[PDB]
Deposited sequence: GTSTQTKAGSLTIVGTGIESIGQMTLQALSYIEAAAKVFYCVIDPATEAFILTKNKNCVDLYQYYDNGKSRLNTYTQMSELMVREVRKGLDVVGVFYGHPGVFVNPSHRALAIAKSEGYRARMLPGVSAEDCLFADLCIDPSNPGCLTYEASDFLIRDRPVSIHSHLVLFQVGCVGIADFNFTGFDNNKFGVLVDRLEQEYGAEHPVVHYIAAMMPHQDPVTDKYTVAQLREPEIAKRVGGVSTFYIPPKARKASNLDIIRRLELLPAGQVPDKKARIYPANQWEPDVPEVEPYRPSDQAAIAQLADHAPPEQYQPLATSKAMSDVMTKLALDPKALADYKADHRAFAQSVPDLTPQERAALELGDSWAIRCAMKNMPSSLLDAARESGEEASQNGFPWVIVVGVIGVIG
């Protein structure tokens, strides 16, 4: 069947946080539907495709968001049924707290059209970067604020907590001026029950324009009841709640994992630098210790290991691999006939020519780097 739907994101900050593939698919699209919240990004989109319709006009005062979301999705699928290659655009990540994207893709799939979502940079990604925290340490809980209340979602006082849509608690509608967030007190009551009146809450707004600074204002739970503070929390506000304390290691698991043998007890409180700047009364960890200093001393005599594989490729091969990532029409051709496409690319080496015809990951990477005398695998664990 002719016709496809691809949904892409623009990221949070104006223009700069759009990915290269999102841009290339927008330019190649036959018609574009977008929902963005900054004018420079909107104007930028209109420079890349002449046949765009702004989905934001389907919100309205006192109109259920469900009705808006249903309308948005059908407009996209209508152009798919006419056999056209359609691109939908939502700011941030288009599948993160976005109802209409999943709806439209699922309909297109069930009806038999090609359908794919390309990921983007979400508001939580911005949060990790600007607050300088990692979801790995000590885990991350992510909830919708109203759902968090209505279905009593468990807190974990030892992990990160991220809450979206704190500016429209219990509110199912839209209003152009703003929300009367008069049920905000119900969230605050729950956070006090779970965390205590003096536990920190960080009010986070990622910068939308390139020259702006983010807001990273630290409050207590109790401070959130004061009227002048509550009204600063709006439609682009997210909360970050840091852990209350550190969870103890399970002795039986350390033994089963063989990190310690039969009779040994782990070094409690061994903390990895750096410490969470937001956790209350978290102590200072020293960036340089004897163990750190000895690792640094080896930097003097360090040379590349034997089995380290430096990149060794060609202009033709780099160019074609770049082209596949940035040229959707070239990618479709290669996927149509791996061999035929590879035969038309000039100046590849024989090993390059065989790797491209196969297209397998193992063959091409061996083709593009130098092999130390010893099939080659993939390991990127920096966490």
Residues of the deposited sequence that never got C-alpha coordinates are 1 to 6, 381 to 401
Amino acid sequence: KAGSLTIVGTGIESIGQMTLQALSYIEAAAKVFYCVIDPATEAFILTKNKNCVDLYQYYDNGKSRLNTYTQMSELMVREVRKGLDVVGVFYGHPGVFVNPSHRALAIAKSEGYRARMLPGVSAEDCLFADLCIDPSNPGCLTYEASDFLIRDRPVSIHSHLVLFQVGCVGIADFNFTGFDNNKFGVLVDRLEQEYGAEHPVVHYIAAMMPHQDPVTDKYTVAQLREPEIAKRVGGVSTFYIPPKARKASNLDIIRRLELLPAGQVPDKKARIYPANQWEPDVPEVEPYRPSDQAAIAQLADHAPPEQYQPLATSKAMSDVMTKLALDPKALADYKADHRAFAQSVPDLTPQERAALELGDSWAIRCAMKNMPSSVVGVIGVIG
From here on, numbers count along this sequence of modelled residues.
Where do the C-alpha atoms have the higher mean temperature factor in this entry, in 139 to 147 or in 177 to 185?
177 to 185
Please work out which of 332 to 340 and 24 to 32 has the higher mean CA B-factor as recorded in the PDB entry.
332 to 340
In this crystal structure's PDB entry, the residue among 94, 227, 210, 235 with the greatest CA B factor is 227
Go through 376, 5, 8, 381 one by one and give the residue whose Cα B-factor in the PDB entry is largest.
376
So where's residue 57 on the chain's Cα temperature factor ranking, which third?
middle
Lowest, middle or highest third: where is residue 73 by Cα B-factor in its chain?
middle
Lowest, middle or highest third: where is residue 315 by Cα B-factor in its chain?
middle
Is residue 216 in the lowest, middle or highest third of its chain when residues are ranked by C-alpha B-factor?
middle
Which third, lowest, middle or highest, does the CA B-factor of residue 351 fall in along this chain?
highest
